[PDB]
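Enquirer: Experimental structure and its sequence below.
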Amino acid sequence: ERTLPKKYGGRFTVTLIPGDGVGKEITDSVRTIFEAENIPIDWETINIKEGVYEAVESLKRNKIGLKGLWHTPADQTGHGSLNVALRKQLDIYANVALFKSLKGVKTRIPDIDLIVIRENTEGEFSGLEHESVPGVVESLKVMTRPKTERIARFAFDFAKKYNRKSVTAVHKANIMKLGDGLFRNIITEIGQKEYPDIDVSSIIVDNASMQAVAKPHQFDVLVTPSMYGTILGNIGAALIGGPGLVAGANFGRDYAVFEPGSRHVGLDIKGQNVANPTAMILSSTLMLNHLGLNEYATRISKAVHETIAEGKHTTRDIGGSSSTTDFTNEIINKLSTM
Amino acid sequence: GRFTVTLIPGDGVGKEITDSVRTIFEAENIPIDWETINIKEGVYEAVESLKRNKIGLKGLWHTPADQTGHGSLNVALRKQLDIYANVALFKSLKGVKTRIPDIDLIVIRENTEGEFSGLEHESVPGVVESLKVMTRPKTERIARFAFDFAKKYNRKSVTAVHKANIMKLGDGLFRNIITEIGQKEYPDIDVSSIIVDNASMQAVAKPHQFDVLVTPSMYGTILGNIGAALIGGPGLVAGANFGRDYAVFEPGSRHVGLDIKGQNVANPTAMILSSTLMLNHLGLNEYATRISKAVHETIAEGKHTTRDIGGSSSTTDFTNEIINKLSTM
Amino acid sequence: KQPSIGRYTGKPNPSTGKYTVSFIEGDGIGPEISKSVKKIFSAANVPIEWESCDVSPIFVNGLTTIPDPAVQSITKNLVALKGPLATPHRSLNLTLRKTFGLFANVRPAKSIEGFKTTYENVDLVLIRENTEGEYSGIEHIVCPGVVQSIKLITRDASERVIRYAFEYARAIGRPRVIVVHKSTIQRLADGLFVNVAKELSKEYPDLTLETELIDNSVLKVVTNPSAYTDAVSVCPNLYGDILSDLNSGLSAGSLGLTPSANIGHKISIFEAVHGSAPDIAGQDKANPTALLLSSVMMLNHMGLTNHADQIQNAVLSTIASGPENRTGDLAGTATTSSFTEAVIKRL
Amino acid sequence: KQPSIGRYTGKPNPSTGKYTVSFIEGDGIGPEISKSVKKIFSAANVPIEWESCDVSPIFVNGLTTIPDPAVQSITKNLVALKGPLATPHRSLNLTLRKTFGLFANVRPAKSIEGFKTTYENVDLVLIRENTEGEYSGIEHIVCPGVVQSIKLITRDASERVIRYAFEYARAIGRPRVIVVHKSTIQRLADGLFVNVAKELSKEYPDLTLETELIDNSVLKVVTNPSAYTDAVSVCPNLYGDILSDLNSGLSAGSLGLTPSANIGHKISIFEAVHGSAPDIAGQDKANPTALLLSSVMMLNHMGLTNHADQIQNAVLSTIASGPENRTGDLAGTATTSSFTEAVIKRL
Ligand SMILES: Nc1ncnc2c1ncn2[C@@H]1O[C@H](COP(=O)(O)O)[C@@H](O)[C@H]1O
Ligand SMILES: Nc1ncnc2c1ncn2[C@@H]1O[C@H](COP(=O)(O)O)[C@@H](O)[C@H]1O
């Protein structure tokens, strides 16, 4: 059992990767709520251009991690995601984002609960591209049966475990008949001969995007390749309030890394203490449930859930006037009386 | 007691060169019955047949060079049966004038992959990309086939031909996997590499240094034809194709002879000799040992040999000398 | 001044005061939705005579081709206005763009007066590359269980879309123009698109160029549609196909109200993006608004500003106020019939 | 008339009667093999002064670059003559072609008088594409155990090689010009190459265009080298790299006698293709013949016909007759030293 999560006499050793932007602040929020609840976990915390190595190496020891987002350049001599590098190198191939609306938050369409599972290592995130002659560029998008059967089962397994009734494959198979075709088939194919209790279906990514914005309640679980998941993800992010309310987690066979489900760095508001830690904390609770704690998780989630439902004292972006600092302390406060 | 083998005469001198074998076969009363097929996309029926019989004997089909041409369908046959290994036998023959004599080398090529993967597209007009696939599984396979083959036929050396100095991933993978699994398995055999261009030069100038050569689809066509020339020509080369389940035997040189179709000038040594390879395969080989000595002695024995070796006899006459020598063994 | 890039070459038919325009009534609700437009156009005295043609496909060389009758017609009159058509061996809409050199999809989504949807003050404009990108035919089976779909991005194709976007943004008086991309992980592909905009940026100094990741383009638009009411967003084929269908979802919740314009170098086709609605066909329940707005788009593209503004600013846009008007799809009670006369009144 | 395509822009240095040519002695047997050429050139009164330069690579941006001294020199004098150099992070020879726009390898292999090899009457000429094809840097790991090497073939790159081939075939009075290919299984890639030749064929009516599969090109050449003594064969990068090293194997059994010419649009470099022979270096055993013949191919490229024919038709080619001459590599007993004076005599 050199394959479970680092643990010494009752104390887990989890990896902590604050990362860029509001990362550093939003992580801290969790630390504080954690020691204030005296949760038996010790952070091994790392900071970083190619030491994305040290993040990997750490996670390989501890098996479990909690992280924010790193920043990614758009220029030509920029380094490349290294958010994806982390996942590819650990084969943490499954991303789960949780879009469930929250009581104390004004949203245009209310009472919404949908999940978006995307494949992390393949698709348009395969990062294979070249320029044949000057001015002509080809980006190769890889889709393989093995990686696809994998995510397909993860999605169904997930839907079964969390009593989700419907699983829908998002694709563009009418145009990319081989690539997205393979994806759509393999999913529906193995949702019929295994997992027969679950409702499998397909939807074309563009039309999916339209229903998502106009009539989102029709969706339950969505399985997508790397790209479509970024897109449906952000639709879902908006639908429920914003990137600060979305819990997320990444799964591989051996490792698990928990991050915000919306995937925004918040570079612009770094150090301003204006940021919203709901995202980080909630996916932090996801991690607790994972490493079996979850008395704590059930706990500290109710804390933040009630805090934000309870009008003012909530953070800027939800419609409040409180700072990250103040919002955190209301949670730790509500928590101290449970 | 009677095998049912598939017969695919194919285009060019195919039809004549196959017949030569038929005649020598019934004249030796060999217990095999030909299921014989003829054909644009009925390359299906060849496959389907071979899937029943498992074994076949064939000439070459013709392949267009124009844009709306159909595509090899020699390769189609192999890809669809995963007959992934080609063996060509370049051993010089006694009665044949060659520039460098006493030469004995084998060229094993992979059939289904490499530059024969037939993936290509035109991005914008005038710009074309042909994709060359190389995969570990298909490569480990041929690598072992080659060594297994070298062990079975007491060959001491196996050399991987590649261009790994330029195509570092593609041919690189090929060169590694070969040398890699010639060291931890098959340690008794001498593994080495050689760069395809330099290999081509040694082959033409100093061929005796080579024993067995393993190559991807392309380099095998090239070294193949060097070897073909070295020993006399395409008419003297026995060949065979192997998969897990099936085996198809064809000439080792791979030329259609379209120009001399129906002229009865063609040389059947190739076809017959690879036909003997097939006998050894399906276990006969008393016959094989036999009818090979027949053709070997026939061509060594000066005149009565066919045009391209330096004789003046026709396919018909050459055949009958074999059946004649054979009738007195 | 209309965008230099897809410029209409006018020339009214010297024998009549009028310009010639190919129709393509299309099938399904097409016919009814169509003459609905012909009437409204008549009433406003549009310098336009209709040369209706049929795009039902031939099959020269197994590859689906479009009939000579319709080709000659459409290449002649440099403009056409098609309604919806069914699904007849090579996408009908695809061989339609390939044979007429159409390369840019223009998709606006604006809130409709008197039709309440969940999102408000949504006024969006998006130009989409409709030539290459994710949607080139290029895909390969590299071995047993492995597939490659190839995304193609070239400067030539990018340049001329990004241009039409700057020039269209200018032609409708929007200051900002946003290049949606993902240079983050598609460095070369999307990077080229972005650089080509950044380089063109300079020869259009009246407009301001911004760059955004779809990440944010979708996040921000759904949180607050109006932040892009001075928009015009340009993007490669896929991001475009999704964002435009999304934008429509914001504006109207479906796309029965959405008009599209397919701009080519010298030709250009203007269509409604809804389907053939075969089950409502003939019963006079269709809703011309969609096609009708594409007519306006066409008018402007042709230069007939005054008529376009006339048929849009007044009429339809205004007649879609009062539930006695409207159609079944918008709570209204009116028929295609009554919508058309009810329109022409304020015409 | 020399080939229009890689035309030398003469201009002898007005202060001296002479033309300027960069040397690049190179290392190993380079120095000795080099001044061997300088002397023989002197004696024949060649209008040429040597501006020797060093191509030892820099490393601007991790990517290996070639020194400014040598760049300026070589771009100036539109021609250079390099001997062999060692293996110093980006092929030295590659960054040499990329920085000087060299795109065509010209490789002749002719039997040598008085040196007996197994093949006879071999007189071969081959032009090779040295830009793209199998040898573009493009390869990908599409997943765990799967690799793609990408062969690139364009009309632009093909056109200008195939041209130089027609024009070179004309310039040396060979009737036939053969396009080696494999359109059989590389339909698009090799097909484009072939069509581009077939289309160019027409604007060179004095030459006859044939097309051959490497299959036969290698079969036929080895069975009978002379069938191509009216040759000039053009082919894409890989077939070229192999056939040329093969042709040399036929002509001399090694390539210590083979000269190459690397033609660029305005520049052009002429080199010997043998190695640095580090173990024979200094001892005066090298064999200038190789480089020497590249000098000849340079002379012709420059227009100095009379001198080239002089140094080739007589000299070396003729002095390599009599084993007291020759070098160790050809059974001979002579030194690099004695070969050079023994040459100049019949010079
Ligand atoms: N941690 C966060 N929680 C909530 N909203 C955020 C967070 N980070 C960024 N945002 C919002 O998203 C926008 C920038 O997102 P990004 O794409 O991460 O730069 C800003 O306008 C913020 O309002
Ligand atoms: N049976 C044969 N015996 C001798 N040479 C042959 C035979 N068949 C084909 N060839 C040679 O191969 C060439 C035909 O192949 P190809 O030109 O590739 O179609 C002819 O030039 C013949 O010289």
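Expert: Sure, I can see it. Numbering: from 1, shown residues only, chains lettered A, B, ... in the order given. Ligands and ions are numbered 1, 2, ... in the order given.

Enquirer: What is the burial count for whichever residue of the stretch 51-200 of chain A sits closest to ligand 1?
Expert: At 7.3 Å from ligand 1, residue A:69 is the closest residue in the stretch 51-200 of chain A, using Cβ to the nearest ligand atom. (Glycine included, C-beta is placed from N, CA and C.) Number of residues near residue A:69 (other Cβ atoms under 10 Å in any protein chain shown) recorded here: 25.

Enquirer: ok, it to chain D distance?
Expert: Between residue A:69 and chain D the computed distance is 26 Å (Cβ to the nearest Cβ, to the nearest Å).

Enquirer: do stretch A:89-109 and ligand 1 meet?
Expert: No: Stretch A:89-109 does not reach ligand 1 (Cβ under 6 Å from any ligand atom); its nearest approach is 11.6 Å.

Enquirer: residues of that stretch that come out buried?
Expert: Using 16 or more other Cβ atoms under 10 Å in any protein chain shown as the test for burial, stretch A:89-109 gives A:89-99, A:101-102, A:104-105, A:107-108.

Enquirer: Do me a favour and get the end-to-end distance for it?
Expert: Across its full length, stretch A:89-109 reaches 38 Å end to end, with Cα to Cα, to the nearest Å as the criterion.

Enquirer: ok, now stretch A:64-77?
Expert: Using Cα to Cα, the end-to-end distance of stretch A:64-77 comes out at 32 Å.

Enquirer: now that stretch: how far from the chain's centre is it?
Expert: Offset of stretch A:64-77 from its chain centre (Cα atoms, centre = their mean, to the nearest Å): 14 Å.

Enquirer: so how far is residue C:315 from residue C:224?
Expert: Counting by Cβ to Cβ, to the nearest Å, the gap from residue C:224 to residue C:315 is 30 Å.

Enquirer: Which of those two has more residues huddled nearby?
Expert: With neighbours defined as other Cβ under 10 Å, residue C:224 and residue C:315 compare such that residue C:315 has more, 21 against 14.

Enquirer: Specify the local secondary structure of residue 169.
Expert: Using chain A. Assigned state for residue A:169: strand (three-state reduction, DSSP: H, G, I helix; E, B strand; the rest coil).

Enquirer: With residue A:28 instead?
Expert: Residue A:28 - assigned by three-state DSSP - is helix.

Enquirer: How about the contacts made by it?
Expert: Residues counted as contacts of residue A:28 (Cβ atoms under 8 Å, 6 or more residues apart in numbering or on different chains) are residue A:18.

Enquirer: how close does it sit to residue A:43?
Expert: Look at residue A:28 and residue A:43: by Cβ to Cβ, they are 11 Å apart.

Enquirer: With residue A:54 instead?
Expert: From residue A:54 to residue A:43 the distance is 15 Å (Cβ to Cβ).

Enquirer: The residue in the stretch 201-347 of chain C that chain D sits nearest to - how many residues pack around it?
Expert: Closest residue of the stretch 201-347 of chain C to chain D, Cβ to the nearest Cβ: residue C:238 (20.5 Å). Using other Cβ under 10 Å, residue C:238 has 25 neighbouring residues.

Enquirer: Now do the SS call for it.
Expert: Recorded secondary structure, residue C:238: helix (three-state DSSP).

Enquirer: Need the single longest helix in chain A, by residues.
Expert: For chain A, the helix with the greatest residue count under DSSP state H is helix A:145-161.

Enquirer: now check it, is it near chain B?
Expert: No: judged by Cβ under 8 Å from any Cβ of the partner chain, helix A:145-161 makes no contact with chain B; its nearest approach is 12.6 Å.

Enquirer: near chain C at all, that helix?
Expert: Yes: Helix A:145-161 lies within reach of chain C by Cβ under 8 Å from any Cβ, at A:145, A:146.

Enquirer: Can you spell out which helices and strands pack onto that helix?
Expert: Under the contact definition 3 or more Cβ pairs under 8 Å, 6 or more residues apart in numbering or on different chains; DSSP states H and E, helix A:145-161 sits against strand A:94-100, strand A:113-119, strand A:166-171, helix A:179-192, strand A:221-224.

Enquirer: In contact with the residue of the stretch 201-347 of chain C closest to chain D: list those residues for me.
Expert: If a contact means Cβ under 8 Å, 6+ apart, then residue C:238 has A:172, A:227, C:133, C:134, C:135, C:151 as its contacts.
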